[PDB]
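Here is how names work: the chains are called A, B, and so on, in the same order as the sequence lines, proteins then strands, and each is numbered from 1. All values below were derived from every heavy atom in this structure, side-chain atoms included, with hydrogens, water molecules and symmetry-related copies excluded.
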Amino acid sequence: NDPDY
Amino acid sequence: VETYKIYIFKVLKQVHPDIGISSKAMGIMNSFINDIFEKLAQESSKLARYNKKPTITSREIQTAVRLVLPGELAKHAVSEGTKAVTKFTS
Amino acid sequence: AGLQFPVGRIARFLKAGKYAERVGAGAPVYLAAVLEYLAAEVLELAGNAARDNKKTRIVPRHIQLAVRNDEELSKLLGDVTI
């Protein structure tokens, strides 16, 4: 997965 | 490789106030800025060797922009660069 | 200068990179403005792709699509791998 900046 | 990410974030919120960005997408944006910085700085290095003085000025950056960017992006980038230097100079 | 991009940091990066003996005061200003212009063009297209995709944040696929659809940005930045 790819958390927000 | 340098981080521009907070500054990329600030520009993002000007152009799309309601849109965010993932950490991986920000990683790609930051890679683009580093790649272009290096291309312009390397081209600028070459152009400076032709000059009387061994200096990179806004003139070398402008030439590097005109050589490295495709023509339609180059034209708009040069307008932005010239305007920023004019306002800073004042 | 009227920029969001960091002139001071960019000055330091040019100095550190040893690209020339000396760097004029205007050089990092012009460069900051060009890099900011380029970030804005990509983020505008990638944001539009995210809206078109019914998303509220840019993910890598949206940048790949915005760059690929643009003949000049593709030439400048190359292929985006995801």
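Side-chain contact between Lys24(B) and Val59(C) is absent, with no heavy-atom pair separated by less than 4.5 Å. Between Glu41(C) and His76(B), every side-chain heavy-atom pair lies at or beyond the 4.5 Å cut-off. Proximity of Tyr7(B) to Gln4(C): side-chain heavy atoms (C-beta onward) are nowhere separated by under 4.5 Å. At least one side-chain heavy atom of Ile36(B) sits under 4.5 Å from a side-chain heavy atom of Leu77(C). The closest side-chain heavy-atom distance from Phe32(B) to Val80(C) is below 4.5 Å. A 4.5 Å side-chain heavy-atom check between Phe88(B) and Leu3(C) finds every atom pair outside the cut-off.
Heavy atoms of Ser79(B) lying under 4.5 Å from chain C are absent altogether. At a 4.5 Å heavy-atom cutoff, the contact between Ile19(B) and chain C is made by backbone and side-chain atoms alike. For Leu31(C), the parts lying under 4.5 angstrom from a heavy atom of chain B are both the backbone and the side chain. At a 4.5 Å heavy-atom cutoff, the contact between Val23(C) and chain B is made by backbone and side-chain atoms alike. With a threshold of 4.5 angstrom between heavy atoms, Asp35(B) does not approach chain C through any atom at all. Using a 4.5 Å cut-off between heavy atoms, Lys39(B) touches chain C through its side chain atoms alone. Using a 4.5 Å cut-off between heavy atoms, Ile63(C) touches chain B through its side chain atoms alone. Both the backbone and the side chain of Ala25(C) come within less than 4.5 Å of a heavy atom in chain B.
Ring pair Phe5(C)/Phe37(B): centre-to-centre distance not below 6.0 Å.
Here CG of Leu14(C) is found 9.5 Å from CG of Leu40(B). Values are rounded to the nearest 0.5 Å. One distance of note links CD of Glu72(B) with CD of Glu71(C); it measures 10.5 Å at 0.5 Å rounding. Atom OG of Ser22(B) and atom CZ of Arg61(C) lie 11.0 Å apart (nearest 0.5 Å). Separation of atoms CZ (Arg57(C)) and CG (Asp18(B)) is listed at 15.0 Å; rounding is to 0.5 Å. Taking CG of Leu69(B) as the start and CD of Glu72(C) as the end, the distance is 8.0 Å to the nearest 0.5 Å. Here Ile82(C) contributes atom CD1 and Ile28(B) contributes atom CD1; the two are 5.5 Å apart, rounded to the nearest 0.5 Å.
Of the listed residues (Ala33(C), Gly24(C), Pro60(C)), the greatest number of heavy-atom pairs within a distance under 4.5 Å of chain B belongs to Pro60(C). Between chain B and the residues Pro6(C), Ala39(C), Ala20(C), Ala32(C), the most heavy-atom pairs under 4.5 angstrom are made by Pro6(C). Ranking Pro70(B), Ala41(B), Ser31(B) against chain C, the residue ahead of the rest is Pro70(B), based on heavy-atom pairs under 4.5 Å. Ranked by non-hydrogen atom pairs under 4.5 Å with chain C, the options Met29(B), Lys87(B), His16(B) are led by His16(B). When each of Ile33(B), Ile6(B), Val68(B), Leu73(B) is checked for heavy-atom pairs under 4.5 Å with chain C, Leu73(B) comes out on top. In terms of non-hydrogen atom pairs under 4.5 Å with chain C, the most contact-rich of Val65(B), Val15(B), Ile21(B), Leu12(B) is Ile21(B). Chain B forms more heavy-atom pairs under 4.5 Å with one residue of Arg9(C), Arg51(C), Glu21(C), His62(C) than with any other, namely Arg51(C).
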side-chain contact (heavy atoms from CB on, under 4.5 Å) between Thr57(B) and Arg22(C), intermediate numbers included: CA-CA 9 Å; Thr57(B) 67; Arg22(C) 297 187 310 270; over 6 Å; no
Pair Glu80(B)-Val34(C), side-chain contact (heavy atoms from CB on, under 4.5 Å): steps then yes or no: CA-CA 6 Å; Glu80(B) 285 294 304; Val34(C) 167; 5.8 Å; no
Residues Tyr19(C), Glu60(B); criterion side chain to side chain donor-acceptor pair (under 3.5 Å); working and verdict: CA-CA 11 Å; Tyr19(C) 300 101; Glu60(B) 284 62 53; over 6 Å; no
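When the shell of 6.0 Å around NZ of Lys46(B) is examined, it contains 12 or fewer heavy atoms from other residues, nucleotides or ligands. For NZ of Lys10(B), the number of neighbouring non-hydrogen atoms (other residues, nucleotides, ligands) closer than 6.0 Å is 12 at most. Residue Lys13(B) places its NZ atom among more than 12 non-hydrogen atoms of other residues, nucleotides or ligands, all under 6.0 Å distant.
Under 3.5 Å, the side chains of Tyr30(C) and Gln62(B) contain a donor-acceptor pair of N or O atoms.
For the pairing with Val29(C), the side chain to side chain contact (heavy atoms under 4.5 Å, CB included) check across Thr89(B), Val85(B), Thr86(B) returns one residue only, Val85(B).
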